[PDB]
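The sequence shown runs 2 to 215, 236 to 350 under PDB author numbering.
Where is the CB? At the ideal position from N, CA and C, for every residue including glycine.
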Amino acid sequence: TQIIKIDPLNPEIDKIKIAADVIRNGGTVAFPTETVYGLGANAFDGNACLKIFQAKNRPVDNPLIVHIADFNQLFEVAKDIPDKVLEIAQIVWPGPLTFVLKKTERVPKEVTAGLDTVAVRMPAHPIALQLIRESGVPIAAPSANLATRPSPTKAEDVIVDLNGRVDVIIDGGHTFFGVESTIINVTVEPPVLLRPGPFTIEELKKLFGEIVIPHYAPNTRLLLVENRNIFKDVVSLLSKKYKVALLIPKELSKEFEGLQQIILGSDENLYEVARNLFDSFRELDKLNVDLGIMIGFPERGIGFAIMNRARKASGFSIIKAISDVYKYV
Ligand SMILES: Nc1ncnc2c1ncn2[C@@H]1O[C@H](COP(=O)(O)OP(=O)(O)NP(=O)(O)O)[C@@H](O)[C@H]1O
Ligand SMILES: C[C@@H](O)[C@H](N)C(=O)O
């Protein structure tokens, strides 16, 4: 694997070209975006895309998001797009919002998992956009991690997971949001939120008033305490019988000195928490503890995506009442 360091905000186009040549040659390139790093291949090349599944050891029926750098490309991969969706795509892209649309015959089965639809987004990251532009083709690209590990948000995460398994890894620093793009299905009416992300429910509702609102997790047991009023008592109860690691905001650090802590960021900035979430899950597994205990966060804005990933990462081991401790431990 060639690891190429490229400045994320002013990328050296010559370095981008090295990676684009690999994409055009049917190879795989891991690269940063504003959400998480993605592992990409030419979206029109089914055989190249199968290499993404092989590298991640991913079940072949879990479809891939296609990344485009301009609107001409949107029409190469999707069709029968509603006028309103097109107008909105033009104001939200490049950005962390993925649309599920009807696919064209140029999108291979390897990308869509046989579905009649294709998920597409335009990444708000200079390296991703330039990689796509120089490759001259849309790039299919799920998160760049091994199958059960948390989505990567920094180059080192990708290296640890995929070094030796992919052709190129672009080391472009830490990703901006740290959580995967919001996914909305607009082939159905009203549209449906398939995955919360950096593009908020609050904003989607202003654009799609009718929208309907319905594992990458650590291996160490992880409990999520959604009720902040019982957090201290839950920690006291559990730390008596277990070696614990607390995933918490810096504002609660002093309250728990003596116990292993994984600081997520500040309560006053949920984007900080979102940015450090997946790497905090990785840290949990590096530590040698019996269980991680994460505190809940507000669901305003990106808080909703934070909680969605946390619930899943905890295998839905949620503590809302102190007596719930009986259920999951
Ligand atoms: N045509 C589709 N219809 C419905 N959902 C789709 C479709 N295409 C892609 N998706 C979804 O997109 C998800 C993949 O997101 P993507 O970020 O490309 O890869 P990932 O690594 O699976 N994401 P994540 O699990 O958070 O790392 C799939 O697991 C589906 O949830
Ligand atoms: C790689 C990154 O773009 C991922 N596919 C997402 O949609 O967040």
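Item	Value
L116 beta carbon near ligand 1 (any heavy atom closer than 7 Å)	yes
Beta strand (DSSP E) segment containing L40, residue limits	39–43
Counted within 10 angstroms of its Cβ, other Cβ atoms place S182 as buried (16 or more) or exposed	buried
Boundaries of the alpha helix (DSSP H) in which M328 is found, first to last residue	324–334
Pick from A129, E35, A148, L195 that is closest to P239, judged by C-alpha positions	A148
Enclosing alpha helix (DSSP H) for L291 [first to last residue]	291–307
N- and C-terminal bounds of the alpha helix (DSSP H) containing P127	127–136
Terminal residues of the beta strand (DSSP E) in which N73 lies	Note, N73: premise wrong, no beta strand (DSSP E); alpha helix (DSSP H) at 72–78.
DSSP state of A56 mapped onto helix, strand, coil	helix
The stretch 138–154 contacting the stretch 287–303, beta-carbon criterion three pairs below 8 Å	yes
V169 beta carbon less than 8 Å from that of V30	yes
Distance cut-off 7 Å: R296 Cβ against heavy atoms of ligand 2	no
Proximity test, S182 beta-carbon vs ligand 2 heavy atom, cut-off 7 Å	yes
Local conformation of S144 per DSSP, three classes	strand
Cβ contact check for the stretch 60–79 and the stretch 125–143: 3 or more pairs under 8 Å	yes
Reduced DSSP secondary structure (H/G/I, E/B, other) of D81	coil
Assumed close pair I128, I7 - CB separation to whole angstroms, cut-off 8 Å	6 Å
Whether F200 touches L98 by CB criterion (8 Å)	yes
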